[PDB]
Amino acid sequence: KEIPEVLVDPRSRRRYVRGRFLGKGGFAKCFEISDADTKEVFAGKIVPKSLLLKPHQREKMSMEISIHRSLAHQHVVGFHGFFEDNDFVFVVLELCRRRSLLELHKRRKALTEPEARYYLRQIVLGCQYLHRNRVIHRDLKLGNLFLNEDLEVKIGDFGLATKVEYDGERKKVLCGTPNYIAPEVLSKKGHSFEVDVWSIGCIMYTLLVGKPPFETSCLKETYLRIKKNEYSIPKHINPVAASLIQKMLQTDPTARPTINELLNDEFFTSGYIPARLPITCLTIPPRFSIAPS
């Protein structure tokens, strides 16, 4: 059961030429695809229905599309549309030519402070948007934080995302295994927006330190350390940065800042935030010099 060379949406009469294989995001296989008329290039996420035999699995895909289609923001992956034939589900998404923060992290390890500040701000701005629209992502991690040609961050993969339907709703189910998973989820006693602030906590730690805060050889031992709040921040991290991390990584979800407080932290308001980064920043640390020489 093999994937067509040209992807035809019958409703909109659009045709997409399947270009280069980008990789396998879970069930899906992703390709560079291009609209035959405009030649505009997108990421095509193609999932075979042979892996969607169970209603539960179908319901999750429908939910992901439902959530993601409703979203439009500078720091959220553009959802351009979706369609399906008897064999496949096709989702047409904003292409992010510079991959994700995971691949950045693997090249550069710990970032410089102004880089972190730069990316974190964009991460926060997109998450503010999600939260304003009553959406919790629930799996914010480096691999889901994509980068376009100008190194702007775009939040993707809404496969674990959920809608808060009513005020003070505490979700008690999360079908999935988030990476930077919050202690309320692991204890399994209900959760909401603060799950994403925890994840942003871990992301900020990873970006500045060069490894994740609760890492071990065993996933269960890692979950153990999250329960006990067992991490520590290196001495060389500046106290303003360290303090913000500490605020975000509290076991009590009610103690963490909300998403809208974050940009007002000293960390942002009293440090250098570059307006943009050069492409060299994928490979070489920037000195942020005051004039060419």
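Sequential numbering from 1, following the sequence displayed.
For the pair 203 to 211 and 185 to 193, the record assigns the higher mean C-alpha temperature factor to 185 to 193. Taking only CA atoms, the mean B-factor in the PDB entry is higher for 80 to 88 than for the other of 80 to 88 and 130 to 138.
Placement of the Cα temperature factor of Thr222 within the chain: middle third of the modelled residues, per the deposited record. In the deposited entry, the Cα temperature factor of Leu51 places it in the highest third of its chain's modelled residues. In the deposited entry, the Cα temperature factor of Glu115 places it in the lowest third of its chain's modelled residues. When the CA B factors of the chain's modelled residues are split into thirds, the value for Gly271 lands in the middle one.
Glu169: CA B factor in the highest third of modelled residues in this chain (values from the PDB entry).
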